[PDB]
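Examination of the molecular architecture
So you can see what is in the structure, the chains are spelled out below.
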Amino acid sequence: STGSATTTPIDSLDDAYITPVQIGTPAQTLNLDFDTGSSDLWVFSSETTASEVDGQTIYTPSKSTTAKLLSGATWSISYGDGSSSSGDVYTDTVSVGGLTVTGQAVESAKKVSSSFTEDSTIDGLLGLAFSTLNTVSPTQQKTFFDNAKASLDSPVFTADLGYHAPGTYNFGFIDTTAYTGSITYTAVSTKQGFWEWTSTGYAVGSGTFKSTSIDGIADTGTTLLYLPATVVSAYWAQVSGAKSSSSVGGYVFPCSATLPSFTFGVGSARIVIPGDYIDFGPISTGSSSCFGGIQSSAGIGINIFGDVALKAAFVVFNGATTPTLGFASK
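Method of structure determination, per the deposited record: X-ray crystallography was used for this entry, reaching 0.9700 Å resolution.

As a further point, take the UniProt feature "disulfide bond" in the protein. Here the bond UniProt gives for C255 and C290 holds up, since the two sulfurs are only 2.1 Å apart. Taken as a pair, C255 in the loop between β16 (250–254) and β17 (262–266) and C290 in strand β20 (residues 289–292) lie far apart in primary sequence, 35 residues in all. Given the relative accessible area of 29%, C255 is considered partly exposed.

Here strand β3 (residues 28–35) lies mainly inside the structure; 6 of its 8 residues are buried. Connecting strand β2 (residues 17–23) to the next strand, β3, in antiparallel fashion are 4 residues, including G24 with a positive phi near 90°. By the bridge criterion, 3 bridges tie β3 to strand β8 (residues 124–127) in an arrangement that is parallel. In the strand pairing of β8, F34 is matched with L126.

Below, the discussion takes up helix α3 (residues 229–236). Looking only at α3, the buried set comprises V231, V232, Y235 and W236. Projected onto a plane normal to the axis of α3, the buried residues spread over an arc of 125° and lie on a single side.

This paragraph deals with the sheet that holds β20. Across the sheet, 4 strands lie side by side as β15-β16-β20-β19; this open sheet has antiparallel pairing. Unpaired on one side and paired on the other, β15 (243–245) and β19 (279–282) mark the two borders of the sheet. Ignoring which end each strand starts from, the neighbouring axes of this sheet average 40° apart. Pairing of β15 with β16 involves 3 bridges; the strand directions are antiparallel. The residue of β16 that forms the bridge with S244 is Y251.

Examined at the domain level, the protein breaks down into domain 1 (5–174) and domain 2 (175–330). The centre of domain 1, based on its C-alpha atoms, is set 25 Å off from the matching centre of domain 2. At the junction of the two partners, domain 1 supplies 30 residues and domain 2 supplies 32 residues. Residue assignment for the side of domain 1 that touches domain 2 shows that the elements contributing at least two residues are β3, β9 (156–160) and β10 (167–171). Among the elements that make up the side of domain 1 that touches domain 2, the one with the highest residue count is β9 (5 residues). Residue composition of the side of domain 1 that touches domain 2, grouped by class: 18 nonpolar, 6 polar and 6 charged.

So, how was this worked out
Residues numbered from 1 in each chain as written, not as in the entry; some residues may be left out. Heavy atoms only, no water. Residues with missing side-chain atoms left out of burial classes, pairs and counts. Disulfide = S-S within 2.5 Å. UniProt positions renumbered as here; feature names shortened; annotations may be inferred. Helix = DSSP H or I, 4+ residues; strand = E, 2+ residues; numbered from the N terminus. Buried < 20%, exposed > 50% of the residue type's maximum accessible area, 1.4 Å probe, protein only. Pairing = 2+ DSSP bridges. Arc of directions from axis to C-beta. Axes fitted to C-alpha atoms, helices over the stretch in contact; angles between N-to-C directions. Domains from an automatic or database assignment. Contact = heavy atoms within 4.5 Å. Nonpolar A, V, L, I, M, F, W, Y, C, P; charged D, E, K, R; others polar.

What follows is the structure, encoded as structure tokens:
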């Protein structure tokens with residue numbers, strides 16, 4: 001089997017991407033944030049505290065003939081941005097892009113933090129990291145990908161995120177029309193439960209490439225590119241008037257600037273992030289200070305190749321017995 005679904009930016013900045021997902025019988029379609037940095041499929045639901053729902057579409061298990069309470073199971077998750085959610089668990093039929101899993105754990109939120117409530121466009125998350133990170137207790141549950149894997153034509157999924165445009169998540173096949181050149185594969189460590197890999201270095205603009213190992217994670221659920229302070233300082237030093245602002249919470253730059261590109265290494269291959277991908281616009285409405293898309297990972301404890309980096313590539317998440325990542329230009 002295979003599946004193929006379009007993923008759409010939630011706003012004009014590409015702050016996140018939503019993908020429609022069918023849950024239950026008859027189908028209830030929710031727009032979920034596919035997150036390769038976490039391993040819970042959770043949804044706004046009929047159980048979510050009413051004051052914490054503001055415009056999201058909810059899952060109502062009582063209206064699904066295939067829903068079953070997973071008796072005794074609870075979940076609770078905290079993300080890198082300080083957001084959180086928790087609740088109870090149903091099993092139900094879940095389909096993505098024509099690919100169906102029966103008996104998927106659907107984590108029903110009883111509580112969500114303010115950042116979730118305030119984002120009316122995201123109806124929940126679909127985690128695509130390794131199932132060792134799943135938070136369901138007392139019986140840990142599998143991700144949608146792990147449950148689908150054995151049925152797929154190939155044990156893979158791909159992320160093809162757009163810049164200010166829709167893109168695609170595919171499951172079970174590699175669309176050879178969706179990228180240019182060849183795919184470079186690189187090793188993955190699953191030790192922390194992430195798609196963790198080592199970049200071979202970087203360049204700023206037309207500058208020379210610096211060969212240096214940068215361990216980090218491929219995380220579709222993180223907007224920006226978080227790298228070591230040395231790398232980030234070297235990038236922003238090439239932008240007149242850029243500075244790190246403790247008041248704003250990262251590097252800012254004059255909105256009048258033209259940003260340089262940023263290149264990262266994948267083995268001997270190179271992925272180029274155009275400068276425009278690194279512009280996250282005014283810090284507040286009407287400001288002439290703009291927020292940067294490359295930020296320091298200092299104090300986060302991991303480097304994160306978030307959407308800024310991933311949307312410059314066609315990315316293969318190879319879930320074979322020995323997992324690997326692949327990157328191609330596009």
